[PDB]
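Colleague: Chains as they are written, first to last, in the authors' numbering: chain B, 41 to 244; chain B', 41 to 91; chain A, 48 to 272; chain A', 48 to 272; chain C, 1 to 246; chain C', 1 to 246; chain C'', 1 to 50. A prime marks a further copy of an entry chain. For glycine and all other residues, C-beta sits at the position ideal for the given N, C-alpha and C. Below is the structure I would like to discuss, written out as structure tokens.
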Amino acid sequence: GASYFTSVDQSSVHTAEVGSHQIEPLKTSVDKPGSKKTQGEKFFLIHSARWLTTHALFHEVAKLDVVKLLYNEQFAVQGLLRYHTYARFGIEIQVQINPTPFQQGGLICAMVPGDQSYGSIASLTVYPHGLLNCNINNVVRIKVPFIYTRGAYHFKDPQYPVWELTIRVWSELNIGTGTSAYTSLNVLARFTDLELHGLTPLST
Amino acid sequence: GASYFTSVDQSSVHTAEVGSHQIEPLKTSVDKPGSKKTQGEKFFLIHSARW
Amino acid sequence: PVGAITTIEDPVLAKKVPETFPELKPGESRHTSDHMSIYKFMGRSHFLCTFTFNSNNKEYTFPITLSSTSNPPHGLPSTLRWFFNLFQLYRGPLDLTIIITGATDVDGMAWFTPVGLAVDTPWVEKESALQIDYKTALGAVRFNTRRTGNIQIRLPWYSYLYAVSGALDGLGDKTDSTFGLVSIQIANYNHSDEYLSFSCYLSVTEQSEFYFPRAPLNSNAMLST
Amino acid sequence: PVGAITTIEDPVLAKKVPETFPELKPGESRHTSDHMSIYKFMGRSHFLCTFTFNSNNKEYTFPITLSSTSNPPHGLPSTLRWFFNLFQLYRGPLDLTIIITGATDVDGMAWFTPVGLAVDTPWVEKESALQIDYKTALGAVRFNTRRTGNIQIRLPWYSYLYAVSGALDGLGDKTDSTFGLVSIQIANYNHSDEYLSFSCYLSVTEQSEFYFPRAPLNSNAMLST
Amino acid sequence: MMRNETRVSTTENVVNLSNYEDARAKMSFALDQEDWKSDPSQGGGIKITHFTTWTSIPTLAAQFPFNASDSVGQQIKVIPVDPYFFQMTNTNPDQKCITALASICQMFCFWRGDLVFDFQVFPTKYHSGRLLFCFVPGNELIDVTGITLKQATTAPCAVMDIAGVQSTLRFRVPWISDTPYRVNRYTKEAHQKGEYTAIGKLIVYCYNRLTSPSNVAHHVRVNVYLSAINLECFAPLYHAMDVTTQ
Amino acid sequence: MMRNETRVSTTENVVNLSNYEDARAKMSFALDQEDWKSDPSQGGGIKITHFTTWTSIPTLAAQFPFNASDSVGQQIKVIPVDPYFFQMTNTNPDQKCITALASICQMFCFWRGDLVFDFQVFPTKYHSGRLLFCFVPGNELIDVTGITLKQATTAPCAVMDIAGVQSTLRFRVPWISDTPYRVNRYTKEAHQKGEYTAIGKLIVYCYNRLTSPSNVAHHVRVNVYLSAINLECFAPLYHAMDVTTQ
Amino acid sequence: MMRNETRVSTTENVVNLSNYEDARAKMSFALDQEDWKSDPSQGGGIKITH
């Protein structure tokens, strides 16, 4: 007797079993056997847009509900969230781009909890941020624990987004006549210390 | 560096992090946190007919 | 001078202590306490709201909401507003202090009503619609203008949430953005008398906590009554 | 999971600690005191009754009766009612606190009268019919609306019984269902003045005891003024 | 020279009854200001001091019948998971039979802990059947009718063989919520997304159709007791929870 | 015989909220007058307690362009030296983007310490140029336009090679004043000789003209972050510092 | 700096004679607030107390 789903039986009897767990002398697969971490605490490509010469300063290149985005069949983690009601966790975001050295400018990526409200765009550095500069780096990583008003996030029917990742133009992207006037961008996200609670058959 | 999905970056930089894992002084849920066993090695009702 | 040059894009290098020119130790300040210690600062109970009674045997119920949305007077004003937006999560009791202005010999009562419970319609002066029994039950306080003219009682951290916040959107901004509500009901106020005004101020307590720093409200957001 | 199955009809087996699914220790609460400790709970003096004087030099005498029968206002209301029916026997002093509303410069007196003794007719405002000597003798207290506006004095466990109860029938429900009576007599109240109202609230003391748990009053019984 | 000056602080002669520290009397009627000892004489020594005393005594919350006519996977009864629940009632004398657990928590704004649903079967040693009890984590208002008995197995649940020497199954619903405590919203006019009273709903499915001969009832009744363990309530309030007409 | 006499001091029932010693409540609503422990559960352990937290985080105060068209010794940008500075602003949503450092000190009457101007260059590994940052000690209102790049070298300053593997120059302006602290005069109607808010002005000269090929921008933008170290503020006040339109 | 603040509790200037703790005088007419010894002189030592 253990685990969930208990069974109470009056006219009981013993269990019949044969053989035991056989450990492969020659494994049929070398990858770590699926585990909470294997399928849940791994990276996934959330969103991906473009950044042009047209994009003026402070232009929001992307406003994402990191969490909500992950909750989608497209990603394996869904398989763990799709069957649990609540869940608390931490997040690690990784945003990367590929500007040609002939390009110049910069972007700022900040993990703002809940909503940007009316916070001064100029102080987005206060939040867990990552500054991108063409002449310097083309990638940034951010990791944050659980920050919410509630003790967990409700997937099936959320109250308010846990994280709203924002990406604005920190310094207009200008170039010399001839150079590509753009640069695609991608956003990677993953759960950390994924704590799942309450198994449910629901879906919405 | 670990887990699946590896990333090779030329113009690399360090990772920015804030705070650390906070263990609930008063848990918001008493059930074992989801694990391979929690959601996979449990019982389910397959089929059901009459005799 | 090594801290005069660095790559701010790198989270590590950006923490390098800056130093450009040769300086000497600033020294000692002439005043005892540090005015930048949130606890000591907000320790100075700041302004919250104010209202005026018109008819007799009526009541006013104002909520304590961090909502950056709710613009005053029907919302957080001045300092209080500014402060409760410098961070994401708040929790802990709050030492409220309300000042009475005008009238006299007016008997009054006040009770704190936790978030998510029955309570007279917010920001509105009307005849209470609650069982005297219900009111009292939540813990109340009676007083008389003549004898006093001011009340300083602490407000409890009684909420089903782990914390509350101001910066939010519609939904959550309607539930997880409130500490609780206060309700003041007057009695024996023949308007043939002077007007009755109330001033409410809030001060942070030692048992109050503040989590995760946000980007302060842009000047255009900072309003005042 | 053994406590997931048992025979409730058996008094012993029914005490088997229930357990169905695997759980972890809840942890620690964030608030100091336990709100479920009767003493601390009822420690919050709850509402009892209220009345209003009409003519001068008159008096009101309200009894403190647990009787579930006596419906308010002429009886135990709200919380107080509910509480004093969760158990069968009660005994011990009670910290009464009465609030005055309205009038001013009105001299007043109040005395506790033990069960089974002479006392002005209950729940009725009339001209007292007791020797000032008699009144005082039982231990009294004088006060003036102007100077105060509220009184907090303890009520003694002075009764010829071992305990009192609310849930009773006719007879006993008319003798063993009372703690005692309170009487407030005003003086110098020219009605040309404002009205005079009194609010009485009761709080349980540490010297108060509660014996044998009863089945709480069904919702339909819980009334409120 | 007498010199004992003290400034008159704010809240002059203000009264507060939110707690005992201020509710306690400032003087006494008792002669010589005496006190009282303890006395369990006619109290059998049963001195009460905590409300736990009630919130731990399984009281009858509801009764539901299990007819043979009920087919496999058919929902027999649905109950929200919050102490404030109870549906028992008697015609005359007219009364809404509230439960112990309920009558207590009804006086609080918040609560938390493991609610316990005790199911008592009233069959005859000749019937035979099984009922699956499934707890769906959530809030007191989630359409659940669209859940196959199969789908139900995903969530935590327990089946029970009615026909037996035993008669009661104890269902301990673990505290599962996105919030530390739930609120007694049953006082508010309407409902609000987030302000919930229950941590989910409980379901009673028909695992195995009820079989039996012919000289025995064509069904079997079941009493549902409710109590709580590891219970915690705070934030006093007044309200006589009405009946939850399922 | 009871004999406890105390004289009623002055300021009877007077209220004061200038500090906590008098602002703290004299009673409580909390039942049994309980209290609360700490709880970083959903706070990631990031418990704030000091405003330093903000006044140390470099926030974007202003942006200025360095065009090749700018000749040697030409003043590119002038900025007063006081935390209350910031000129960043976004059209719609309409907002005057104040800085962390600013938004904090804006609530004080006085301040002192070393302000830190961080300059971030957004060039391409193909440009090449130098900008001289010069701090002229004084007050927020001193005609500085009449200062040759040469003259500027007399005062403390620093030059920077834009084209490089690095991207940020940190300018730590030492606290230099005839007074122990400066005042937030930005609240007063006008200005008064002596009542100053800044300890001087900062200048951005064009040390070496910006060179480059032709397949790269004809200029290079520069973000100017502002923060402070060894900062000290006192004398609480309210005022939402407006934008310093340079 | 003198800082001795005390809040005015309920029952302001209220009188209670139910017991001695509150019935006892708060001041005295006796000069120098003196007191008195015992004296069974003309009492034959028969001092009553109960």
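#1: Does the beta-carbon distance from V243(C) to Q87(C) come in below 8 Å?
#2: Got a sec: is the Cβ-Cβ distance from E34(C'') to anything in chain C below 8 Å?
#3: Suppose contacts are defined by Cβ-Cβ distances below 8 Å. Is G146(B) in contact with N173(B) by that definition?
#4: Who are the near neighbours of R221(C) in its chain, counting only those whose CB is closer than 7 Å to its CB and skipping five residues on each side?
#5: What number of angstroms, rounded off, separates the C-alpha of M269(A) from the C-alpha of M241(C')?
#6: Return the residue from the list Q246(C), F234(C) and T245(C) that minimises the CA-CA distance to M107(C).
#7: Are the C-beta of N16(C'') and some C-beta of chain A' separated by less than 8 Å?
#8: Counting only C-beta atoms, is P65(A') closer than 8 Å to chain B at any point?
#9: Within 8 Å (strictly less), CB to CB, does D178(C') reach chain A'?
#10: Under the DSSP definition of a beta bridge, which residues are partnered with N191(A')?
#11: Could you tell me which chain B' residues have their CB closer than 7 Å to the CB of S76(A'), listed as they occur along the chain?
#12: Beta-carbon of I98(C') versus every beta-carbon of chain B: anything under 8 Å?
#13: Just reading off the alpha helix (DSSP H) that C105(C') is part of, what are its end residues?
#14: Do residue 317(A') and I203(C) have their C-beta atoms within less than 8 Å of each other?
#15: When the Cα of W175(C) is compared with those of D143(C), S56(C) and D82(C), which residue comes out closest?
#16: When you measure from the CB of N235(A) to every non-hydrogen atom of the ligand MG, does any distance come out below 7 Å?
#17: Measure the alpha-carbon distance for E64(B') versus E253(A) and round it to whole angstroms.
#18: Output yes if chain B places a C-beta closer than 8 Å to the C-beta of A51(A'); else output no.
#19: Tell whether a beta-carbon distance below 8 Å holds between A152(C) and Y205(C).
#20: State the CB to CB distance for the pair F94(A') and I179(A), rounded to an integer number of angstroms; the pair is presumed to be in contact (CB under 8 Å).
#21: Output needed for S60(B): all residues of its chain with C-beta closer than 6 Å, excluding positions within five of it in sequence on either side, in chain order.
#22: Would you kindly work out how many angstroms separate the C-alpha atoms of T68(B) and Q62(B), rounded to a whole number?
#23: Name the two residues that bound the continuous beta strand (DSSP E) containing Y20(C'').
#24: Does DSSP put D180(A') in a helix, in a strand, or in coil?
#25: Closest by CA to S52(B'), which one among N177(B), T93(B), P185(B) and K103(B)?
#26: Going by DSSP, which residues form a beta bridge with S230(A)?
#27: Which first and last residues belong to the beta strand (DSSP E) in which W203(B) is found?
#28: Closer than 7 Å, Cβ to any Cβ of chain C': which residues of the stretch 185-216 of chain A, in chain order?
#29: When we look at the beta-carbon of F85(C') and count the other beta-carbons within 10 Å, is it buried (16 or more) or exposed?
#30: Check whether the Cβ of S41(C') lies closer than 8 Å to any Cβ atom in chain B'.
#31: Tell me, please, whether the CB atom of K62(A) is closer than 8 Å to any CB atom in chain C'?
#32: Excluding the five sequence neighbours on either side, which residues of its own chain have a C-beta within less than 7 Å of the C-beta of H87(B), listed in chain order?
#33: At the level of alpha carbons, what is the spacing between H54(B') and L231(C')?
#34: Name the one or two DSSP bridge partners that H50(C) has.
#35: Look at the Cβ atom of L123(A), then the Cβ atom of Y200(B), and state whether they are nearer than 8 Å.
#36: Determine the chain C residues that contact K87(A') at a beta-carbon separation under 9 Å, and present them in chain order.
Modeller: So, from the listed chains and residues:
#1: The answer is yes: Cβ separation under 8 Å.
#2: no
#3: yes
#4: Counting only Cβ-Cβ distances below 7 Å, and skipping sequence neighbours, we find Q63, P65 and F122.
#5: Cα-Cα distance, rounded: 10 Å.
#6: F234(C)
#7: yes
#8: Any Cβ of chain B closer than 8 Å to the Cβ of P65(A') would place that residue at the interface, and such an atom is absent.
#9: For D178(C'), the answer is no, since every Cβ of chain A' falls outside 8 Å of its Cβ.
#10: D154(A')
#11: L66
#12: yes
#13: Start and end: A100 to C105.
#14: With chain A' covering 48 to 272 only, the question about residue 317(A') has no answer from this structure.
#15: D82(C)
#16: Judged by which ligands are present, the structure shown has none, so any question about the ligand MG falls away.
#17: Approximately 22 Å, taken between the alpha carbons.
#18: yes
#19: yes
#20: That pair is a contact at about 6 Å.
#21: There are no such residues.
#22: One C-alpha to the other measures close to 13 Å.
#23: That residue, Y20(C''), is in no beta strand (DSSP E); its alpha helix (DSSP H) goes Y20 to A23.
#24: helix
#25: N177(B)
#26: Answer is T108(A) and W158(A).
#27: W203 to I215
#28: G186, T195, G196, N197, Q199, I200, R201, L202, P203, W204, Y209 and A210
#29: Burial call: buried.
#30: yes
#31: no
#32: Within the same chain, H87(B) has close Cβ partners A102, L104, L109 and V227.
#33: 29 Å
#34: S84(A')
#35: For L123(A) and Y200(B), no; Cβs fall outside 8 Å.
#36: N19 and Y20
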